[PDB]
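Encoded as structure tokens, the following chain is the form deposited in one PDB entry, with no partner shown.
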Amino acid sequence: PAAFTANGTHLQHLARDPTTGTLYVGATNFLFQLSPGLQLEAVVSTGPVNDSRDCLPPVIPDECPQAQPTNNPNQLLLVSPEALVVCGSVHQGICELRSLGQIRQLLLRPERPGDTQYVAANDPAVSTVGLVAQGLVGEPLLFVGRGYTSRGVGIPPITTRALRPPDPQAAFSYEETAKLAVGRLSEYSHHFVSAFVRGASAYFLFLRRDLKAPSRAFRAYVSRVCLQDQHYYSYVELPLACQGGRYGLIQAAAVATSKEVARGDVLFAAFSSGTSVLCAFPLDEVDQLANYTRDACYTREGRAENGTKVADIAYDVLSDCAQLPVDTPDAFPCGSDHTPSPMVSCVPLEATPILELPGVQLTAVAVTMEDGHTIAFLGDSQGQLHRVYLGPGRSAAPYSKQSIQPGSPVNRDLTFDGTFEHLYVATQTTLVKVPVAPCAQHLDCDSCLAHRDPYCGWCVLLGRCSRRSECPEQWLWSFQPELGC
């Protein structure tokens, strides 16, 4: 196979251009342009930089005596229709655009960024998530979830930012109303997991504290916002729970990425405690409870028909639910000047598990489809890659396990290779291409059916243990054989 290392330098993020297949890797003090085979095409230094979280960029040494040599782990790495988006942990989390194909050619870097252009989290231990979309006239847009960073000299958790503003010096800024207005950012401590787009809305998976609750505890939430809403009137928040909460902290999630369906409609979530667990939230069930929460807080003053409090205004904001007409949602589905906002369901979307892993703390999820069989790839805190079959049967079957690097957490940025024949797996210091179908290993029948993989089976026509698509002939499945040899 093939592996990528950087003399022990840590790898934060990974992104793939679906057009070229080129891989972009965001590391500490480094930016890497890698071929599909993990061959070095370019290197850019995010550099060790003399900085302090108590100073503002640009940093003139004379006005920052507290500065020490600071490392710049990558905080955000997204592929826009025309450029690479890069934000670092350093310099108040400012960003820059770079050419896809030659990351060394810088495209856009505001020369005097303002306090509105501090995009990413400036602490390398706080995570930043992002998403690139288009506005109503095609404008490139950056949606950013950013956790609470303390020393910073208060950036709202969710922000919509312009990538092609009229003035290229105002890039990475948000109109003062295209933000989520949270009061006590420190008492909600947002920890962001991922961000994805469904149709005309953006969604955010994150953990925050329920300040209205026992111990002000951390819960798992998903939130939705209309892509077009430049005022966040449409913002809703559902809490997510698996088995009531025996585990109860979403650590990673992904949708089924395959050749036939590129982005399915079920969100596979990994929870941890110690035992981990993998649950399914169908995304139409999320859109339902979100819509029910809107209708309740818009029309029935946050209460339901029986009168139970179902929805509520969220985050210290000074609004209340309303008795607006029943056709208000079907007339302002993304909100208005005077519709309740922001909103939260007091009723969680519960899921029962589909798989438990005892001594495993899951850190990464990725899902695809072979035939009609659904297959999950799961990374853990010990550098392991579990391959699991959920498919059209019942109760998941973990069928393989590998050790990418001992005791090194697996990165959630598990990406496929476009032909979905490989998976890119990273472990803090190592990035590896991984065959989804390790069939060739076994070259006789007893082997191909001993080592049991849903991808693999014995083509008797040829002399090979292979995928099905590699035979319209006679092929014996290794998982549910049905015959012998």
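Only residues modelled in both forms are compared. Numbers for residues come from their place in the sequence shown, where the first is 1. What we label the rigid core is the largest C-alpha set whose atoms superpose within 1.5 Å from one form to the other.
The discussion below concerns the form deposited in another entry, not included here.
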Comparing forms between the shown form and the other one after core superposition, the one residue of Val255, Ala241, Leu357, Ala396 displaced by 2 Å or more at CA: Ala396
Cα-Cα trend for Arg394 and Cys465, given that in the other entry the distance shifts by 3 Å or more: closer
Displacement runs between the shown form and the other one, C-alpha, 2 Å or more, three or more consecutive residues, core aligned: 213-215, 244-248, 394-396
